[PDB]
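In: Below you'll find the sequence and an experimental structure to go with it.
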Amino acid sequence: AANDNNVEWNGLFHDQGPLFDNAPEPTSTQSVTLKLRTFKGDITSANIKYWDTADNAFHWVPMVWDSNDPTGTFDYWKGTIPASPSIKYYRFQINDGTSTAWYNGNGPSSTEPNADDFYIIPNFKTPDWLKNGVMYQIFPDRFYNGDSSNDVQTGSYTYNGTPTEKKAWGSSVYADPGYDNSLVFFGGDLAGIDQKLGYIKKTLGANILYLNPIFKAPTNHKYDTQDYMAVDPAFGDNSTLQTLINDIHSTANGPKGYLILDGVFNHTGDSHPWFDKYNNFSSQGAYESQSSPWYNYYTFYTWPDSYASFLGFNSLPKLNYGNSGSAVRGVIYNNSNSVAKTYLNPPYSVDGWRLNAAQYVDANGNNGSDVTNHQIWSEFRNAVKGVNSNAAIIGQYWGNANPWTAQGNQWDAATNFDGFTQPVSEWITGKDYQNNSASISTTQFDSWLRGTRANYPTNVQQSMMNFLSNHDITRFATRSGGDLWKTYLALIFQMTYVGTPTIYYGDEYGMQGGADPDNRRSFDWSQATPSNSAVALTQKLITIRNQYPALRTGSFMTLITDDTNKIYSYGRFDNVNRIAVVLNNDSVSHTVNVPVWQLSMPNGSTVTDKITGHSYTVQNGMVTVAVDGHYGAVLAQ
Ligand SMILES: OC[C@H]1O[C@H](O[C@H]2[C@H](O)[C@@H](O)[C@@H](O[C@H]3[C@H](O)[C@@H](O)[C@@H](O[C@H]4[C@H](O)[C@@H](O)[C@@H](O[C@H]5[C@H](O)[C@@H](O)[C@@H](O)O[C@@H]5CO)O[C@@H]4CO)O[C@@H]3CO)O[C@@H]2CO)[C@H](O)[C@@H](O)[C@@H]1O
Ligand SMILES: OC[C@H]1O[C@H](O[C@H]2[C@H](O)[C@@H](O)[C@@H](O[C@H]3[C@H](O)[C@@H](O)[C@@H](O[C@H]4[C@H](O)[C@@H](O)[C@@H](O)O[C@@H]4CO)O[C@@H]3CO)O[C@@H]2CO)[C@H](O)[C@@H](O)[C@@H]1O
Ligand SMILES: OC[C@H]1O[C@H](O[C@H]2[C@H](O)[C@@H](O)[C@@H](O[C@H]3[C@H](O)[C@@H](O)[C@@H](O[C@H]4[C@H](O)[C@@H](O)[C@@H](O)O[C@@H]4CO)O[C@@H]3CO)O[C@@H]2CO)[C@H](O)[C@@H](O)[C@@H]1O
Ligand SMILES: [Ca+2]
Ligand SMILES: [Ca+2]
Ligand SMILES: [Ca+2]
């Protein structure tokens, strides 16, 4: 490069990784020093332009040359944004004579952008254990029956007239005629999870467990809560939970663990005593009497038959949050004995909440995604963080969750359907998570990923729940057509991307399954051993991620987007490690020349592909590696 009236986009780079930001999660008194990379001698001047919410205006900070990288290929320019309590958004203006370029969250641009700027949210912190961990999601009744003395037998009880149906471990999910799918039980329980912690924390290596609803409810999924204060009998009792939590936090059975519970706070089940639609309690529920002490916990359009609910499901009456200080806000999160605080405080001390149907929470029966909804989650964060600043808050949302994350006053992260699950599905399987024809090329995949990461503050990005499948979508293995290699590729990307790798139980060995409830099959324990190819890769990958902090909190830079050979390469790097991930999304092998010079990997140095164990030497800024079809290489140094 040189001073030739031309800014070379390929040499430019910035993100909030260690090499470019000295304060990614600053307090009110900490200044933020940013570094912008360019090819050596490529420009004449650069400036940081930031919008300050404190005065609703732009501010200008000219940058100064700082240093060259070890390879002498790049320049690092720097500038500092002053410390203050206000949220700020920044972008860079880059000039080389008569040539000007702009750069922000969405990368380089010839014209000045007005969106996707980088974020500076003083005092906003997401749990670092979440940024650095690996999560394992378990649907209780389908993981492992550790105690058969609490199994829901056929005809054990009825819900809305229908009797429960038990099935042999491994048998089909769908309920035989005469029963309901929501009332099928296999026997999975807490005791089982406790007994299988070794498989979770050692065989695989995950250190975070996220469980679907475990509180008293008639169904098998239990999103229709009957009693938030009690573990459902089919899963055990509250003592069983305390023991499970102890064994999860214990370091005697593997690395320290964390437990995230599913918080179903937008609605209760219609069988909850506050509502009591079928009169299962001597008390008078809202549905039973307009004089009920909990009558105003719900919203009736036509008492008692027509009321606000989750997506029209009468079995899920919607909770009325009213105004600040309401009784409902109290039992959910404000009260010391609320659902949220009870489990976060001893003797439970869980580590987080996954917020079910979070966008809908509101007052008076409204549908959320409004001012009131956001005020509620703001108060929710204060309540939760007040009890435990290191308790995670992850909201369920299918699209861009920027509205509940980008102001640092609500959630720490969200279910990453739009930024991970969907794009990964369409690129690798040619299907969307619903299993409908939907394919994207490598260049599109990469663009999609950048655009979605840009929707969030960096600490939020690193905390996103990135799963291949989950209880509401079709199994990746099914969308893949039963092809294990596609799962191999998905796992490699998952374990080396930005955000919390989240493994939906069974996905580690390639468990198949269609749409609800076929996506909740029982777990096959004979297939959960390193003797399984996917399981073995999962354990190896988790070990790899755990070894390199760069994979969890390092920078992310695109290296290759080849639509011809279907090759995708990107680097993850920090002050210590430089890793070039090379993914082959084609059905045939390809020899790729990886431009590791972009990550500043010194010529003559070596890199090890941790997937195959093979070693390579960097020559002329390149690493030549032959990657099998639907496989990948993790070249690290
Ligand atoms: O005259 C009969 C009756 O018919 C109609 O009701 C039927 C529904 O239209 C039909 O869809 C079906 O409902 C099923 C549903 O299809 C099935 O998927 C299941 O849904 C559960 C989930 O399994 C459960 O996980 C939970 O969902 C969570 C979700 O997982 C979570 O991530 C987040 O999204 O929040 C959700 C809610 O907390 O709950 C849902 C709903 O319970 O089970 C459903 C059955 O309850 O079958 C219905 C009955 O046949 C009409 O609508 C009705 O008016 C008629 O009376
Ligand atoms: O201040 C007025 C000056 O304006 C003009 O200077 C320009 C240069 O032409 C640009 O190239 C640039 O200079 C940068 C340079 O691009 C950058 O690499 C870095 O240079 C380092 C170098 O990397 C390092 O290896 C070692 O050699 O030290 C160098 C100097 O620190 O930093 C330079 C900035 O100091 O921008 C300047 C300013 O716009 C003009 O050519 C000058 O005659 C004039 O004085
Ligand atoms: O919440 C949903 C929305 O989420 C996303 O919006 C983000 C932007 O992507 C971020 O860049 C930022 O926006 C800042 C902006 O960076 C800042 O400059 C200022 O906006 C200026 C604007 O630059 C200027 O051209 C002119 O229009 O004045 C504006 C001031 O009003 O302030 C913005 C914040 O208000 O944060 C938002 C919100 O997190 C997504 O891009 C949106 O599509 C989505 O609706
Ligand atoms: Ca130039
Ligand atoms: Ca059991
Ligand atoms: Ca009653």
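Out: Ah, there it is. Residues are numbered from 1 along each chain as shown. Ligands and ions are numbered 1, 2, ... in the order given.

In: and the residue nearest to residue 586 when sequence neighbours are not counted, what is it in contact with?
Out: Excluding its sequence neighbours, the residue lying closest to residue 586 (C-beta to C-beta, 6 or more residues apart in numbering) is residue 566, at 4.0 Å. Backbone N, C-alpha and C define where each C-beta goes, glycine included. By C-beta atoms under 8 Å, 6 or more residues apart in numbering, residue 566 lies in contact with 441, 442, 584, 585, 586.

In: Those: which two are farthest apart?
Out: Using C-beta to C-beta, the two most remote members of the contacts of residue 566 are 441 and 584, lying 14.1 Å apart.

In: More neighbours: these two, which one.
Out: Taking other C-beta atoms under 10 Å, residue 441 and residue 584 do not tie; residue 584 has more neighbours (26 against 17).

In: From what I see, that one and residue 590 are in contact.
Out: Yes: taking C-beta atoms under 8 Å as the definition, residue 584 is a contact partner of residue 590 at 5.5 Å.

In: Find the residues that touch each one of these two.
Out: 565, 567, 627, 629.

In: ok, now which ones touch the residue of the stretch 1-150 of the chain found nearest ligand 6?
Out: The stretch 1-150 of the chain approaches ligand 6 most closely through residue 150 (26.1 Å), counting by C-beta to the ion. By C-beta under 8 Å, 6+ apart, the residues touching residue 150 are 189, 233, 234, 235, 236.

In: So which of the residues you listed are in helices?
Out: Applying DSSP state H to these, no entry is found in helices.

In: Report the buried members of these.
Out: Using 16 or more other C-beta atoms under 10 Å as the burial test, the contacts of residue 150 include 189, 234, 235, 236 as buried.

In: and of those residues, the nearest to residue 404?
Out: residue 235 (29.3 Å).

In: and the stretch 251-400 of the chain, which residues reach ligand 6?
Out: Counting by C-beta under 5 Å from the ion, the residues of the stretch 251-400 of the chain close to ligand 6 are 276, 279, 281.

In: I figured the last one was touching residue 274, is that so?
Out: No: taking C-beta under 8 Å as the definition, residue 281 is not a contact partner of residue 274, at 9.7 Å.

In: Neighbour count: those two, which is higher?
Out: Shown here are residue 281 and residue 274; by other C-beta under 10 Å, residue 274 has more neighbours (24 against 14).

In: Look up how far residue 228 lies from that one.
Out: The gap separating residue 274 from residue 228 is 10 Å, by C-beta to C-beta, to the nearest Å.

In: same question, residue 58
Out: Distance from residue 58 to residue 228, by C-beta to C-beta: 47 Å.

In: between the two, who's got more neighbours?
Out: residue 228 (21 against 12).

In: What sits closest to whichever residue of the stretch 151-300 of the chain sits closest to ligand 3 if chain neighbours are left out?
Out: With C-beta to the nearest ligand atom, the shortest gap between the stretch 151-300 of the chain and ligand 3 falls at residue 266, namely 20.4 Å. Residue nearest to residue 266 in three dimensions, not counting chain neighbours: residue 357, with 4.2 Å by C-beta to C-beta, 6+ apart.

In: again, but for residue 299
Out: Distance criterion C-beta to C-beta, 6+ apart; nearest residue to residue 299, sequence neighbours excluded, is residue 365 at 3.4 Å.
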